[PDB]
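What follows is a single chain, given as structure tokens, in the form deposited in one PDB entry.
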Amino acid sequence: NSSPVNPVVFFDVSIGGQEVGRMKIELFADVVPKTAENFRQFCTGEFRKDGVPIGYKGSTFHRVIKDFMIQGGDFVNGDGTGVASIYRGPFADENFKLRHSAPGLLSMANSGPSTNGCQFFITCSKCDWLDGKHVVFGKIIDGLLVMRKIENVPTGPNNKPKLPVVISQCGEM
């Protein structure tokens, strides 16, 4: 009841060059602080690597699979192969205390144990087969409808949206 509130960040989403609303995301600093902090810093747009700002502003959701998940966060290569973190390079899986038990959760994408970077996915549905494999670190607390809007975008090969689904702007609440 008197516990400090988790940090909250926002994503202003654009689909096909048209703004479609804001998603407010709570980051679980009280469960996975290191993972939450990595994400928070990339939302500010003020975090710098070698003097150059890196973050989610302008990044794409390169893969949208309705009834499953939406992946994005690759501000490095913009195609799902990019890796970066505030710790420089891939970082360890903090813990798997939280499960992919509902739609709207934020979880870290990876390419195996302890390969977390900047990429993440938002669950469109529960997906327990990812439990213990991906670190859950946040969830949409306002504007879940925007996630549903993204979910319905027409996709092409490998479920890449046919229209740009971008993080037009982001930052902290």
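Residues carry their position along the shown sequence, with the first being 1.
Another form exists, solved in complex with a partner chain; not displayed. Remarks below refer to it.
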query: Contact label in the deposited complex: residue 125 to its partner chain, heavy atom within 4.5 Å; finding: no
query: Contact of residue 138 with its partner chain in the deposited complex (heavy atom, 4.5 Å); finding: no
query: Proximity of residue 114 to its partner chain in the deposited complex, heavy atoms at 4.5 Å; finding: no
query: Its partner chain contact at residue 130 in the deposited complex, heavy atom, 4.5 Å; finding: no
query: Among 38-46, 115-123, 66-74, 140-148, the region lying within 4.5 Å of its partner chain in the deposited complex by heavy atom distance; finding: 38-46
